[PDB]
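Encoded as structure tokens, the structure appears first; notes follow it.
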Ligand SMILES: [Fe+3]
Ligand SMILES: [Zn+2]
């Protein structure tokens, strides 16, 4: 299953549309959790950013500890304990600004081996750039970078086609040029 864990500090009114467009572009059912925060880990005071690798490990631990949330009713509890990362993929939508060791920042990150991914609207929001709110733009961006990260969870790498969801954006302008679209090469792999 695919679970959108929407940190409620991100405007929860955007939750449902993001969930529905993620589901359409992935062509897969996506369940929405948007009634709670996910306190982040691995904060770096000099950077003023959070280590996304640590958050992702914490996310796996949370899933394993929370059968009552993520385990399908028809799934044995012991099977879930061993295999939750194969079956219940999670995308965390967090307000925190993210980095990884090799990068000044990231819009998101995936840990394919543990079936967990993360996207941060912190640099996707118009407001980060001193521009007025634009809910549709923010939905567009989260969907595109969210489907990207989730694609990784299914084994896809970065794509060369700049309009494809799997393309890796260097900046916000490149991200906005991506379309809600998996190219031919990527759809075959994703299937
Ligand atoms: Fe592609
Ligand atoms: Zn990527």
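Numbering (the entry's author numbering), first residue to last: 2 to 192.
C-beta atoms are modelled at their ideal positions from N, C-alpha and C, and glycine is treated no differently.
Set against 7 Å, the gap from the CB of residue 192 to the closest heavy atom of ligand 1 is not smaller.
The stretch 118-129 and the stretch 88-101 touch, with three or more beta-carbon pairs separated by less than 8 Å. Between residue 57 and residue 100, the gap from beta carbon to beta carbon reaches 8 Å or more. Cβ-Cβ distances below 7 Å link residue 73 to 2 in the same chain, with the five nearest sequence neighbours on each side left out; the list follows chain order. Residue 84 counts as exposed, since fewer than 16 other C-beta atoms from the protein chains shown sit within 10 angstroms of its C-beta.
With distances taken between CA atoms, residue 89 lies nearest to 67 out of 67, 22, 13, 186. With contacts defined as CB atoms closer than 8 Å, residue 165 and residue 182 qualify as a contacting pair. Those residues having their beta-carbon less than 5 Å away from any non-hydrogen atom of ligand 1 are, in chain order, 160, 162, 165, 167, 184, 187.
Around the CB of residue 158, fewer than 16 other CB atoms lie within 10 Å, so the residue is classed as exposed.
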